[PDB]
Amino acid sequence: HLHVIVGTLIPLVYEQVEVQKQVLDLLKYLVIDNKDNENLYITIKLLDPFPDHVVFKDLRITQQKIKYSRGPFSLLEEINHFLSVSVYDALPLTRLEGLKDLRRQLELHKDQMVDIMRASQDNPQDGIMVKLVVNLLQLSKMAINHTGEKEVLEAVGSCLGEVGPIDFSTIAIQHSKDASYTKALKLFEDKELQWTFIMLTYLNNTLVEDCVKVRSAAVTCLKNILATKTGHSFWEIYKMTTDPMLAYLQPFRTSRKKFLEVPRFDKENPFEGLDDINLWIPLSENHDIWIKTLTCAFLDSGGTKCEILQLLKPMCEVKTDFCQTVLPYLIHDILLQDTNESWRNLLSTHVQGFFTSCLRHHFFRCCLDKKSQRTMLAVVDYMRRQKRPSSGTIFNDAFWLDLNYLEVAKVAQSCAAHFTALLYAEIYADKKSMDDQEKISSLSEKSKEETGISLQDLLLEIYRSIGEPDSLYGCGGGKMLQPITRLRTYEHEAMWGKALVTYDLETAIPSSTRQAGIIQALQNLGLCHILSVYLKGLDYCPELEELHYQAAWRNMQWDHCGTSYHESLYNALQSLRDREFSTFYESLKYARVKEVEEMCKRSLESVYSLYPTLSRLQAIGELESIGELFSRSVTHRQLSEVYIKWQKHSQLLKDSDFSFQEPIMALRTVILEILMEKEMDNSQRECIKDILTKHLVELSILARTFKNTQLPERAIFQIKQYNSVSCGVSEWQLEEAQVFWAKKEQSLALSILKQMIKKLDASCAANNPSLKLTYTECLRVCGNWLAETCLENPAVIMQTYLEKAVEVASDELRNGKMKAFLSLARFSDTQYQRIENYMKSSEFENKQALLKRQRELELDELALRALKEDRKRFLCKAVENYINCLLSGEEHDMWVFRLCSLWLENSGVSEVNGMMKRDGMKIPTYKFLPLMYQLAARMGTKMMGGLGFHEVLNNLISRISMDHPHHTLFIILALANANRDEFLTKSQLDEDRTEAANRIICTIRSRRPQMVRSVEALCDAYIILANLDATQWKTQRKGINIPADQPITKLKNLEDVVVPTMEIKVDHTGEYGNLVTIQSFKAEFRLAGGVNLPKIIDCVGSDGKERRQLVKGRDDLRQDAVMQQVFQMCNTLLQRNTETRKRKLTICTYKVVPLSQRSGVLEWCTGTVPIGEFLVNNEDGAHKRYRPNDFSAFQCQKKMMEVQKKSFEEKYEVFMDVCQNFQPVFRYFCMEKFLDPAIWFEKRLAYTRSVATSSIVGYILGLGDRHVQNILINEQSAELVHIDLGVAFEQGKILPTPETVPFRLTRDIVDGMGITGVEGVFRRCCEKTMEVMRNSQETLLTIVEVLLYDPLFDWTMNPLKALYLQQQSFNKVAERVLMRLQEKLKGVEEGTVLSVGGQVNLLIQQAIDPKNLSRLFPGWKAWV
Ligand SMILES: Nc1ncnc2c1ncn2[C@@H]1O[C@H](COP(=O)(O)OP(=O)(O)OP(O)(O)=S)[C@@H](O)[C@H]1O
Ligand SMILES: [Mg+2]
Ligand SMILES: [Zn+2]
């Protein structure tokens, strides 16, 4: 109670001295002299900081000393402390000092804010920043209509201005929930006991309330409840726990011989009380009396089995909130004991009547208050989560009462509960389909016919309210022709010209909306003068004045004169120009308060509703920040510091939408222009001009990154207006060239860049340190552009631009050197590839064969020698520049694949080996880790010498292993232990590889003997465990004790060995001090099923946590390892791109550690169940629990196996018949696993994105064998994990009964996506992933070329593997596969080049085609 007392006493200090002395000495006794007490030390530490005043100086000093013990606080620790204090809040006004301190901490450190955002990337839902934002919003909500409303609102707006519109990667707002409450609820296993606990907790909380009338009712109810047998059982269960409610309720609990018994009274007709229509449907007002009367009627008349409910009448009579809380429990209790469904029918009829009355529009009964609607929605939501007496399924449990869920969904949408509205719409659609089967556009028109509500329109409205961008595409197609929908689509896609044309053309649209859209489109197109003249013409609604003020402050007119937002901003800027600082600060404070109040008045359902308010608050905060700079004398250091702060906080907004970043940049530009105008000092004016030029260049770059062209041109024009140029060399001219190039005006950009190059060459010989970077960048960009447009021959481009750029060229200089080296290497590689393609082409061989049938031969020999010399020169240049590029940076690290491919192919070339030995060894070792498998498989002992390939490769492998033993030791040892399986139980290339691996192992052991010995022992134990026969316990499923003779049990405390199946973060330094190490193995091991019966074991590490590992014998895991490497590279590519990073598109991966030719170990995914196990299980499959009257999976499999020998027509007919009697059921996974609508929506969206990404990535890699048992779904995250990666690169199409689908997109997979199916989120995510794949075709091609040519990678289909799957020619096969992959990446399908959307449309229609699905193998289970 200390915090409550302190918060109450703090305001009383200012009242008067007479009470000030008493309050001060009481507080001093509370905190000052009590610091010795250990019990209250934590309570004092977790307390609100005292207000900063002279009176509180000693208290503040003591509080700071106590809190900041054991070290200082970081930003994350400060926010955690703020939230922990916020756990208990008596009043919002007591949090003002904490809010100010939090704002100061946030504004002081933003690099720590970047670190926090990076750390929270893995689990965005548990992000600290979004939690802080929602906590602040809730605090501001609680401050409405109180004494300190404006003070709290201003502080909340001040702190929210610091964070700004950061992309939180969340869509659903998760309100804070008590952890102890959930655990206490979990403790009780009986329904009646939980009601008792909840009611007693509510009464205990009510006891503290001020009203004396409610206290008597609360104590009476407590005494009545605790006397009964249910109360005694509750106390017996709950006395073991630790909670102050136990101590508070001790006096009321009494011991009596007989438990208090409630006299059960039964009327002649219990249904007469609740049969009144007026009772259920209230008026517009009088909600409290309505809910009280309904609760009394339920309690007095309806017979309730539970004794606790009957004792709640005195508490229900006084408090309305108690009635609202208890009504669902009363309804559930009455429905539990219902017989003959009389109560069910009556309640269903009355509730449906209430919901229909809510949907009118006055009428006789309509326009009900939102409180009653929310109460009924809470009743429905509570009933949805309760298991029905007849058991059944969650879908069955939804219909406790016969309800038309479309009306309920519409009411929920009207109440701003969008996620539950979508869930109820889905439930209604499913119920309508189920009912129709007994006897969207069709469903929409039917629902409009009977219920008067269109399903498609409701779904569109709900998805618009949610704010998810991708979902809006798949809503429907009924109203696409309407101008309003087209205009909304144009605005969403930033097609401002189309939106402007449509707004001008359509006149049926209301004038206000039409003019607002016209003004917004004109502003977004950069037509500022046209917009101003148009507004002047309109002079012949508040929104019009709002747009007037926005245009006025954006155009700096300064003449166009409840206050709104842009009006406040314009007034603040005008007063800032007029040096009226008081009005400036007052207007900014008023704008803060108004924006925060408007934000907190909303229901706060989705995160996307917070971004505009955050952007506006950030703009206001920046204006207030520059206010003090304008107030005092302007210095260069202050301007540099404020620009650095702006750049950091813009870096915080990297992934934010352009619609939120743009107003901030516009305000910054106006700010800088005003500051330059009001300078009157040449020395500072130059610095202000430089700052404005840098800001405008950054704005141009930002607008170009979002495919915007008018804004960069306007920014360049402003730069020209201010930064008048006569020297003719500057970075903004390079930015102008880039802008012109972005507009597809290549001639102008090339002319500008060549003029800049000639001016730079004439001015100096690249001797100015400031202009060196600009010269190098101009040369490199011009060379790349000329190469792209083919306007110059390769010789001129190489000699004039790229080689010169390298020769011209301190972090910026290092980055420029890296970029120039990469460009030169890429051009040289292009020339080398062109010359090699010509040498390997059929035209060259035909020309050679023509002369095969005398000076012609001499000329041919001379030409061949010249071609070979040119090829070698290009190769050497490319390799050298790649090596130099890898040295000077880390951004282009994935080019190590191309470098290693070039080195490996030309092994015999001494120059390449020489430059790899001299400068290649200086490359950091961690950059070779992704290619460790190939580099280790390529090593041998044949070419031994000073510049021999094998010697250099062995040295590189040894250095990599020395620097990163944890990442490479297992691979090398597995190379050495290829044939140790037979030795443990009882070709020249292979033996050379074994010898090289043994040599590297000997070197590492000479460096680290103990680690090598322990790793060898662990590998031997794993191999011995794998070879153990497990057919004895094949039927066993409860776990089997490992035999004592197994060496694995003996191993203990291996502190030099890290858990092999645990992913390890790459460390540039070679310390690796703090890593989890293997401690012991649990005695029991389980079986996962399958032909070979793999064993699952548990490995407890240094900490208490343990990891499950899958030990596989008689199986090859190297293919899985390399496929996981490909998946990691694709994940890096996806995370690098902004569009795929925003959607969190990733490929789930699991670490695989091969041990021998046929032995290995891999990480076992926890919480993942196979989709086939969930769907078509014989015992408790989803197809059996739901739709039990349909065909069983056994019948479908039998029919499809029987129709195997018949023709294609018979197969198609049988497949259609099976699909008719086998409906999808997979949509219930998220419905039954996640009961909260927001969590359900998030998990379903994650599932859809995972399906899209996995499908696209698998198609790019030609992934096959994607049956039900090879796909797992995580129960916690609802994401799919693809396993058994043996078949890839379209080798499944060579099988008998070839696979004719790019990926698995069967009816269950699409059904899991929701009512929209493949439309909406899935299609757009597939398009984004395919676009990312297209943009990185060269990197993927290099990676796959390195992988395929790996000697140890067995990826070609063979007759033995073909027979097992369904119960040199290698060079040309690999070339054909690479060409097919290149065609896929470029988009060439069957000789026709397609766009990303067209290719995605083709893939989807090929995957979902029943014609292709019918011809597939019956084991693939296409019907599932
Ligand atoms: N990483 C993993 N996480 C979880 N379960 C896995 C994992 N890898 C394999 N399993 C399961 O282990 C069992 C057998 O795995 P597989 O590698 O597919 O064996 P198999 O040689 O393919 O024989 P099958 O599956 O009967 S054709 C299946 O039940 C898989 O779901
Ligand atoms: Mg399998
Ligand atoms: Zn009305």
# chains A, B, ... in the order shown; residues from 1 in each chain; ligands from 1
>>> residues_near_ligand(ligand="ligand 3", cutoff="8 Å", atoms="only C-alpha atoms and all ligand atoms", output="MDAnalysis selection string")
chainID A and resid 284 360:368
>>> select_by_dssp(residues="stretch 492-606 of chain A", states="alpha helix (DSSP H)", output="short mmCIF file (atom, residue, chain, number, x, y, z; two decimals) with N, CA, C and O atoms, in the first residue's frame")
data_model
loop_
_atom_site.label_atom_id
_atom_site.label_comp_id
_atom_site.auth_asym_id
_atom_site.auth_seq_id
_atom_site.Cartn_x
_atom_site.Cartn_y
_atom_site.Cartn_z
N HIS A 492 -4.32 3.48 -52.47
CA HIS A 492 -3.52 2.48 -51.78
C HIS A 492 -2.22 2.20 -52.53
O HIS A 492 -1.16 2.04 -51.92
N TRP A 496 -1.30 8.17 -58.27
CA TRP A 496 -1.91 9.47 -58.04
C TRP A 496 -2.50 10.07 -59.31
O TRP A 496 -3.51 10.78 -59.24
N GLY A 497 -1.90 9.81 -60.47
CA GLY A 497 -2.47 10.31 -61.71
C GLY A 497 -3.82 9.70 -62.01
O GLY A 497 -4.77 10.40 -62.37
N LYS A 498 -3.93 8.38 -61.86
CA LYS A 498 -5.21 7.71 -62.07
C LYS A 498 -6.25 8.20 -61.07
O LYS A 498 -7.41 8.42 -61.43
N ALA A 499 -5.85 8.36 -59.81
CA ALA A 499 -6.78 8.86 -58.80
C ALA A 499 -7.26 10.26 -59.13
O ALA A 499 -8.44 10.57 -58.98
N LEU A 500 -6.35 11.13 -59.58
CA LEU A 500 -6.73 12.49 -59.95
C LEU A 500 -7.70 12.48 -61.13
O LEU A 500 -8.71 13.20 -61.12
N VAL A 501 -7.42 11.67 -62.15
CA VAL A 501 -8.29 11.61 -63.32
C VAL A 501 -9.68 11.11 -62.91
O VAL A 501 -10.70 11.67 -63.33
N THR A 502 -9.73 10.06 -62.09
CA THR A 502 -11.02 9.51 -61.68
C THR A 502 -11.79 10.49 -60.79
O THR A 502 -13.01 10.61 -60.91
N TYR A 503 -11.09 11.18 -59.89
CA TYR A 503 -11.75 12.18 -59.05
C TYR A 503 -12.34 13.30 -59.89
O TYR A 503 -13.47 13.75 -59.64
N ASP A 504 -11.59 13.77 -60.88
CA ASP A 504 -12.11 14.81 -61.77
C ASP A 504 -13.31 14.31 -62.57
O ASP A 504 -14.29 15.03 -62.75
N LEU A 505 -13.24 13.06 -63.05
CA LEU A 505 -14.27 12.57 -63.96
C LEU A 505 -15.59 12.30 -63.24
O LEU A 505 -16.65 12.69 -63.73
N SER A 511 -19.22 16.14 -52.89
CA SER A 511 -18.29 17.22 -53.23
C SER A 511 -17.12 17.28 -52.25
O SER A 511 -15.98 17.52 -52.66
N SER A 512 -17.39 17.07 -50.96
CA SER A 512 -16.33 17.15 -49.96
C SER A 512 -15.26 16.09 -50.22
O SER A 512 -14.06 16.40 -50.28
N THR A 513 -15.67 14.83 -50.37
CA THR A 513 -14.72 13.75 -50.61
C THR A 513 -14.00 13.95 -51.94
O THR A 513 -12.79 13.73 -52.04
N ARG A 514 -14.73 14.37 -52.97
CA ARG A 514 -14.13 14.58 -54.28
C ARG A 514 -13.04 15.65 -54.22
O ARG A 514 -11.93 15.45 -54.72
N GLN A 515 -13.35 16.78 -53.59
CA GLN A 515 -12.37 17.87 -53.51
C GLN A 515 -11.19 17.49 -52.62
O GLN A 515 -10.05 17.84 -52.93
N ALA A 516 -11.45 16.77 -51.53
CA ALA A 516 -10.35 16.33 -50.67
C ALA A 516 -9.42 15.39 -51.42
O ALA A 516 -8.19 15.51 -51.33
N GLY A 517 -9.98 14.46 -52.19
CA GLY A 517 -9.16 13.56 -52.98
C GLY A 517 -8.39 14.28 -54.06
O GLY A 517 -7.22 13.98 -54.32
N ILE A 518 -9.02 15.26 -54.72
CA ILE A 518 -8.34 16.04 -55.75
C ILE A 518 -7.16 16.79 -55.14
O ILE A 518 -6.05 16.79 -55.70
N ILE A 519 -7.37 17.42 -53.99
CA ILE A 519 -6.30 18.18 -53.34
C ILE A 519 -5.17 17.25 -52.92
O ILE A 519 -3.99 17.57 -53.11
N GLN A 520 -5.51 16.09 -52.34
CA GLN A 520 -4.47 15.17 -51.90
C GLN A 520 -3.67 14.63 -53.08
O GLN A 520 -2.43 14.53 -53.01
N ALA A 521 -4.34 14.30 -54.18
CA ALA A 521 -3.64 13.80 -55.36
C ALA A 521 -2.76 14.88 -55.98
O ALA A 521 -1.64 14.59 -56.41
N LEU A 522 -3.24 16.12 -56.03
CA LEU A 522 -2.43 17.21 -56.55
C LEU A 522 -1.20 17.44 -55.67
O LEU A 522 -0.10 17.68 -56.19
N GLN A 523 -1.37 17.38 -54.35
CA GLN A 523 -0.23 17.56 -53.45
C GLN A 523 0.79 16.44 -53.61
O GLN A 523 2.00 16.69 -53.65
N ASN A 524 0.32 15.19 -53.72
CA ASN A 524 1.23 14.06 -53.86
C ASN A 524 1.95 14.03 -55.20
O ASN A 524 2.94 13.31 -55.33
N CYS A 528 2.40 21.97 -56.66
CA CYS A 528 2.12 22.93 -55.58
C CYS A 528 1.48 24.20 -56.13
O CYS A 528 0.49 24.69 -55.57
N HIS A 529 2.03 24.75 -57.21
CA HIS A 529 1.46 25.96 -57.79
C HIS A 529 0.07 25.70 -58.35
O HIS A 529 -0.85 26.51 -58.17
N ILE A 530 -0.11 24.56 -59.03
CA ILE A 530 -1.42 24.19 -59.54
C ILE A 530 -2.40 24.02 -58.39
O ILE A 530 -3.56 24.44 -58.47
N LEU A 531 -1.96 23.39 -57.29
CA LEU A 531 -2.83 23.22 -56.13
C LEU A 531 -3.23 24.57 -55.54
O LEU A 531 -4.39 24.76 -55.16
N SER A 532 -2.28 25.50 -55.44
CA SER A 532 -2.59 26.82 -54.89
C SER A 532 -3.60 27.56 -55.76
O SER A 532 -4.56 28.15 -55.26
N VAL A 533 -3.41 27.52 -57.08
CA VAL A 533 -4.34 28.21 -57.97
C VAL A 533 -5.71 27.53 -57.94
O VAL A 533 -6.75 28.19 -58.00
N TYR A 534 -5.73 26.20 -57.84
CA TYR A 534 -6.98 25.47 -57.74
C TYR A 534 -7.73 25.84 -56.46
O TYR A 534 -8.95 26.01 -56.48
N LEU A 535 -7.01 25.95 -55.35
CA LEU A 535 -7.63 26.36 -54.10
C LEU A 535 -8.16 27.79 -54.19
O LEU A 535 -9.23 28.10 -53.66
N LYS A 536 -7.42 28.67 -54.86
CA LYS A 536 -7.91 30.03 -55.08
C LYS A 536 -9.19 30.02 -55.90
O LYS A 536 -10.12 30.79 -55.63
N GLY A 537 -9.26 29.16 -56.92
CA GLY A 537 -10.46 29.05 -57.72
C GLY A 537 -11.66 28.53 -56.94
O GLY A 537 -12.80 28.92 -57.21
N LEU A 538 -11.42 27.65 -55.96
CA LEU A 538 -12.51 27.11 -55.16
C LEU A 538 -13.13 28.16 -54.24
O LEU A 538 -14.20 27.91 -53.69
N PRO A 542 -14.79 21.57 -42.49
CA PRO A 542 -13.48 21.66 -41.83
C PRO A 542 -12.34 21.04 -42.62
O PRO A 542 -11.20 21.49 -42.49
N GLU A 543 -12.62 20.01 -43.42
CA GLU A 543 -11.57 19.36 -44.19
C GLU A 543 -10.98 20.31 -45.22
O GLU A 543 -9.77 20.28 -45.49
N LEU A 544 -11.81 21.15 -45.83
CA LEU A 544 -11.31 22.12 -46.80
C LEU A 544 -10.34 23.10 -46.16
O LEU A 544 -9.28 23.39 -46.72
N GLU A 545 -10.68 23.60 -44.97
CA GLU A 545 -9.77 24.51 -44.27
C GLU A 545 -8.52 23.78 -43.81
O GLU A 545 -7.42 24.36 -43.79
N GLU A 546 -8.65 22.51 -43.42
CA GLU A 546 -7.49 21.71 -43.05
C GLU A 546 -6.51 21.58 -44.21
O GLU A 546 -5.30 21.78 -44.04
N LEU A 547 -7.03 21.28 -45.40
CA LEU A 547 -6.18 21.19 -46.58
C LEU A 547 -5.61 22.55 -46.95
O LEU A 547 -4.47 22.65 -47.41
N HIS A 548 -6.40 23.62 -46.77
CA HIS A 548 -5.90 24.97 -46.99
C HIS A 548 -4.67 25.24 -46.13
O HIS A 548 -3.64 25.72 -46.62
N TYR A 549 -4.76 24.93 -44.83
CA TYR A 549 -3.64 25.19 -43.93
C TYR A 549 -2.45 24.29 -44.24
O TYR A 549 -1.30 24.73 -44.15
N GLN A 550 -2.70 23.03 -44.60
CA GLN A 550 -1.60 22.15 -44.96
C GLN A 550 -0.85 22.67 -46.18
O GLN A 550 0.38 22.72 -46.20
N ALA A 551 -1.59 23.08 -47.21
CA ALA A 551 -0.96 23.65 -48.40
C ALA A 551 -0.23 24.94 -48.07
O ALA A 551 0.85 25.21 -48.60
N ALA A 552 -0.81 25.76 -47.18
CA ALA A 552 -0.20 27.03 -46.83
C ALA A 552 1.14 26.83 -46.13
O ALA A 552 2.13 27.50 -46.45
N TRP A 553 1.20 25.90 -45.17
CA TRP A 553 2.47 25.70 -44.48
C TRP A 553 3.47 24.92 -45.32
O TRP A 553 4.68 25.11 -45.16
N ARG A 554 3.00 24.06 -46.23
CA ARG A 554 3.92 23.33 -47.08
C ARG A 554 4.53 24.23 -48.15
O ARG A 554 5.69 24.06 -48.53
N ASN A 555 3.76 25.20 -48.65
CA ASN A 555 4.23 26.12 -49.68
C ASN A 555 4.85 27.39 -49.10
O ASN A 555 5.33 28.22 -49.87
N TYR A 565 -5.02 20.34 -36.55
CA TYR A 565 -3.60 20.01 -36.47
C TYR A 565 -2.76 20.90 -37.38
O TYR A 565 -1.86 21.60 -36.92
N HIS A 566 -3.03 20.85 -38.69
CA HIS A 566 -2.23 21.64 -39.62
C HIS A 566 -2.43 23.14 -39.40
O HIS A 566 -1.51 23.92 -39.66
N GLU A 567 -3.60 23.55 -38.92
CA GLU A 567 -3.79 24.94 -38.53
C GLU A 567 -2.84 25.31 -37.40
O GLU A 567 -2.21 26.38 -37.42
N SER A 568 -2.71 24.43 -36.40
CA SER A 568 -1.78 24.67 -35.31
C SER A 568 -0.34 24.71 -35.81
O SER A 568 0.45 25.55 -35.36
N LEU A 569 0.02 23.81 -36.73
CA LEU A 569 1.37 23.81 -37.27
C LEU A 569 1.67 25.09 -38.03
O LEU A 569 2.75 25.67 -37.89
N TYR A 570 0.72 25.55 -38.85
CA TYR A 570 0.90 26.79 -39.59
C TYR A 570 1.03 27.99 -38.66
O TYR A 570 1.88 28.86 -38.86
N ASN A 571 0.18 28.05 -37.63
CA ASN A 571 0.27 29.14 -36.66
C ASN A 571 1.60 29.11 -35.92
O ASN A 571 2.21 30.15 -35.67
N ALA A 572 2.07 27.91 -35.56
CA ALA A 572 3.35 27.79 -34.87
C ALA A 572 4.50 28.25 -35.76
O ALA A 572 5.39 28.96 -35.29
N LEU A 573 4.48 27.87 -37.04
CA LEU A 573 5.53 28.33 -37.95
C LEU A 573 5.48 29.84 -38.14
O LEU A 573 6.53 30.50 -38.18
N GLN A 574 4.28 30.40 -38.26
CA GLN A 574 4.15 31.85 -38.42
C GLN A 574 4.68 32.59 -37.19
O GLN A 574 5.41 33.58 -37.32
N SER A 575 4.33 32.12 -35.99
CA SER A 575 4.82 32.75 -34.77
C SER A 575 6.32 32.55 -34.61
O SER A 575 7.01 33.42 -34.06
N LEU A 576 6.85 31.41 -35.07
CA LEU A 576 8.28 31.18 -35.03
C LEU A 576 9.02 32.15 -35.94
O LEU A 576 10.09 32.66 -35.58
N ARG A 577 8.47 32.42 -37.12
CA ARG A 577 9.03 33.46 -37.98
C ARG A 577 8.90 34.84 -37.33
O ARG A 577 9.79 35.68 -37.47
N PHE A 581 7.63 33.35 -29.26
CA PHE A 581 7.89 32.00 -28.77
C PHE A 581 6.77 31.49 -27.87
O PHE A 581 6.51 30.28 -27.84
N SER A 582 6.12 32.38 -27.12
CA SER A 582 5.05 31.95 -26.22
C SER A 582 3.90 31.32 -27.00
O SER A 582 3.43 30.23 -26.65
N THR A 583 3.45 31.99 -28.05
CA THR A 583 2.39 31.44 -28.89
C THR A 583 2.85 30.16 -29.58
O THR A 583 2.06 29.22 -29.75
N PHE A 584 4.12 30.12 -29.99
CA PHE A 584 4.67 28.92 -30.62
C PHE A 584 4.55 27.71 -29.69
O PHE A 584 4.00 26.67 -30.08
N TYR A 585 5.04 27.84 -28.46
CA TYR A 585 4.98 26.73 -27.51
C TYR A 585 3.54 26.40 -27.13
O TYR A 585 3.20 25.22 -26.97
N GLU A 586 2.69 27.42 -26.96
CA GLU A 586 1.30 27.16 -26.61
C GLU A 586 0.59 26.38 -27.71
O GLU A 586 -0.15 25.43 -27.43
N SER A 587 0.81 26.77 -28.97
CA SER A 587 0.19 26.06 -30.09
C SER A 587 0.71 24.63 -30.19
O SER A 587 -0.06 23.71 -30.45
N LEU A 588 2.02 24.43 -29.99
CA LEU A 588 2.55 23.07 -30.04
C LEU A 588 1.97 22.21 -28.92
O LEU A 588 1.63 21.04 -29.15
N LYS A 589 1.84 22.76 -27.72
CA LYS A 589 1.25 22.01 -26.61
C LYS A 589 -0.21 21.67 -26.89
O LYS A 589 -0.66 20.55 -26.62
N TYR A 590 -0.96 22.63 -27.43
CA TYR A 590 -2.36 22.38 -27.76
C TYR A 590 -2.48 21.30 -28.82
O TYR A 590 -3.36 20.43 -28.74
N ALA A 591 -1.61 21.33 -29.84
CA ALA A 591 -1.64 20.30 -30.87
C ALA A 591 -1.31 18.93 -30.29
O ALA A 591 -1.95 17.93 -30.64
N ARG A 592 -0.30 18.86 -29.41
CA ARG A 592 0.01 17.61 -28.73
C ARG A 592 -1.21 17.07 -28.00
O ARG A 592 -1.58 15.90 -28.16
N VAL A 593 -1.84 17.91 -27.18
CA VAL A 593 -2.97 17.47 -26.37
C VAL A 593 -4.11 17.00 -27.26
O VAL A 593 -4.71 15.94 -27.01
N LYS A 594 -4.43 17.76 -28.31
CA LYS A 594 -5.53 17.39 -29.18
C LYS A 594 -5.25 16.08 -29.91
O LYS A 594 -6.14 15.22 -30.01
N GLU A 595 -4.04 15.90 -30.42
CA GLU A 595 -3.72 14.67 -31.13
C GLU A 595 -3.78 13.46 -30.20
O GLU A 595 -4.33 12.42 -30.57
N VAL A 596 -3.25 13.59 -28.99
CA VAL A 596 -3.27 12.47 -28.06
C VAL A 596 -4.70 12.15 -27.63
O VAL A 596 -5.08 10.98 -27.52
N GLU A 597 -5.52 13.18 -27.40
CA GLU A 597 -6.91 12.94 -27.02
C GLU A 597 -7.67 12.26 -28.15
O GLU A 597 -8.42 11.30 -27.91
N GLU A 598 -7.48 12.72 -29.38
CA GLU A 598 -8.15 12.10 -30.52
C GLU A 598 -7.72 10.65 -30.69
O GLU A 598 -8.54 9.78 -30.99
N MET A 599 -6.43 10.37 -30.49
CA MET A 599 -5.96 8.99 -30.60
C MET A 599 -6.57 8.11 -29.51
O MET A 599 -7.04 7.01 -29.79
N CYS A 600 -6.57 8.59 -28.26
CA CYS A 600 -7.04 7.75 -27.17
C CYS A 600 -8.56 7.60 -27.16
O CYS A 600 -9.07 6.69 -26.50
N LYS A 601 -9.29 8.48 -27.85
CA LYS A 601 -10.74 8.31 -27.92
C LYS A 601 -11.12 7.08 -28.74
O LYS A 601 -12.23 6.55 -28.57
#
>>> residues_near_ligand(ligand="ligand 2", cutoff="10 Å", atoms="only C-alpha atoms and all ligand atoms", output="ChimeraX atom specification")
/A:1089-1091,1170,1265-1271,1282-1286
>>> write_last_selection(atoms="N, CA and C atoms", output="compact mmCIF listing (two decimals), in the first residue's frame")
# COMPACT_ATOMS: atom_id res chain seq x y z
N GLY A 1089 8.89 -43.06 -35.61
CA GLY A 1089 8.23 -43.78 -36.68
C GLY A 1089 9.03 -43.73 -37.97
N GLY A 1090 8.53 -44.46 -38.96
CA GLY A 1090 9.19 -44.57 -40.25
C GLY A 1090 9.78 -45.95 -40.47
N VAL A 1091 10.34 -46.13 -41.66
CA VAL A 1091 10.89 -47.43 -42.05
C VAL A 1091 12.14 -47.75 -41.23
N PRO A 1170 3.11 -33.02 -37.92
CA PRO A 1170 2.90 -33.14 -39.37
C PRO A 1170 1.46 -32.83 -39.75
N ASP A 1265 8.52 -34.10 -53.88
CA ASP A 1265 8.19 -35.02 -52.79
C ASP A 1265 7.56 -34.28 -51.61
N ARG A 1266 6.72 -33.30 -51.91
CA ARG A 1266 6.08 -32.48 -50.88
C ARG A 1266 4.75 -33.10 -50.44
N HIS A 1267 4.83 -34.31 -49.90
CA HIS A 1267 3.64 -34.98 -49.41
C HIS A 1267 3.32 -34.52 -47.99
N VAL A 1268 2.26 -35.09 -47.42
CA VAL A 1268 1.74 -34.60 -46.14
C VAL A 1268 2.72 -34.88 -45.01
N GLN A 1269 3.39 -36.03 -45.04
CA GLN A 1269 4.30 -36.39 -43.96
C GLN A 1269 5.63 -35.64 -44.02
N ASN A 1270 5.90 -34.91 -45.10
CA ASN A 1270 7.13 -34.16 -45.25
C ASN A 1270 6.96 -32.68 -44.90
N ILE A 1271 5.79 -32.28 -44.41
CA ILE A 1271 5.52 -30.90 -44.03
C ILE A 1271 5.02 -30.89 -42.60
N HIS A 1282 9.43 -27.37 -43.85
CA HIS A 1282 9.61 -28.39 -44.87
C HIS A 1282 10.81 -29.26 -44.52
N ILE A 1283 10.59 -30.58 -44.48
CA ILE A 1283 11.63 -31.53 -44.13
C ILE A 1283 11.78 -32.53 -45.27
N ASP A 1284 12.78 -33.40 -45.15
CA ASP A 1284 13.07 -34.43 -46.15
C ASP A 1284 13.34 -33.79 -47.52
N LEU A 1285 14.46 -33.07 -47.59
CA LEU A 1285 14.82 -32.26 -48.75
C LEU A 1285 15.61 -33.04 -49.79
N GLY A 1286 15.42 -34.36 -49.86
CA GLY A 1286 16.23 -35.17 -50.76
C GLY A 1286 15.99 -34.89 -52.22
